[PDB]
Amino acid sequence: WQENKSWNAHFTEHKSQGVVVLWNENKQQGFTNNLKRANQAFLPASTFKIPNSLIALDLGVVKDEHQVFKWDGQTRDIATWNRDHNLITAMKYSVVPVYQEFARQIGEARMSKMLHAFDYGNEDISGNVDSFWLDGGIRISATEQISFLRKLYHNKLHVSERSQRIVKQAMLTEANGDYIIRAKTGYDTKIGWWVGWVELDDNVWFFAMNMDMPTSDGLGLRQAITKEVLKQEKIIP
C-alpha cells in the first residue's frame, strides 16, 4: 500500500473530502489518498445491491437478468422507481423497493449466512431485514469493498459462477475502445460511494471511493473525482 496525498487536490478543487482506493491487479498493489479513511467502515447503502443481487440469484429469488419485477403500485418520489424493472434497470436506477422485496424473500437467516460466506464487511445484518444496509448495523470499508470485488471479478465468491456473471453484467456502467467500467453507486445522507473496477486490455484496476455528502447536491462528484484520479494515474485517457 502506498499513500498519494496529491489526489486530495481533486477533492479540494470540489470543496469536498473523501477517499479513493485503487488496486492494480497485475502488480497486486494498492494506492490511496488516505490510508486511515481507506480502512474506516461505513453503511454500504446501494453498493449493497451487489451482494444482494448475488444472493437473490443463487437462491432463485431472481431467475435471471430478464425476469420482471412488477411495480407494487406504490408511487415513490423517484420517478424511475414507479414501473416494472429487471436486474439491469433495477441496478441502473438503484431501485430500493425491488431489493427490499428481495431481502424479505431471502430472509435474515440465509442473508446472514451468505454475507458471512462472502466475508462481507462486518457481516452484521442487525436492524430490519429489508433495510439494514441503509439504516442498520452493517459496515464496510473501501479496502473491504475492494477485497469483495476482487473475489467477484474472479468468480471466487461462494455462489454459482452463473450468478456472478449475471451480476457483473448488471454492474456494467460505461464502455468504449479504451476501457470498461463495471460498478455500483451508493449514498446514505452522510456518505456517497462508488465502487467497482476498470477493465483494460491487459490489466484490471479495482476502485472504491467514498466522500462526505451533506446534501445530494454533489452526487455527480462520486464519479467525477474518481475519474480525475483515474486520469492522473493514466488508467484512462
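Here, rigid core means the biggest group of C-alpha atoms that superpose within 1.5 Å across both forms. Numbers follow the displayed sequence, beginning with 1.
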Item to check | More shifted region, core-based fit in 5 other deposited structures of this protein, 51 to 59 vs 66 to 74 by CA | outcome: 66 to 74
Checklist entry - Taking RMS over all structures and residues, which stretch has CA atoms farther from the shown form in 5 other deposited structures of this protein, 187 to 195 or 165 to 173, after a rigid core fit? => result 187 to 195
Checklist entry - Between 127 to 135 and 147 to 155, which has the higher average C-alpha B-factor in the PDB entry? => result 127 to 135
Checklist entry - For the C-alpha atoms alone, is the average B factor greater in 62 to 70 or in 167 to 175, going by the entry? => result 62 to 70
Checklist entry - In terms of the chain's CA B-factor thirds, is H85 lowest, middle or highest? => result middle
Item to check | Ranked against its chain, the third holding the CA B-factor of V98 | outcome: middle
Checklist entry - Looking at the C-alpha B-factor of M91, is it in the lowest, middle or highest third of its chain? => result lowest
Next on the checklist: Sorting by Cα B-factor within the chain, modelled residues only, which third would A38 end up in: lowest, middle or highest?
Outcome noted: middle
Next on the checklist: Test of reading the entry: by CA B factor among the chain's modelled residues, which third contains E108?
Outcome noted: highest
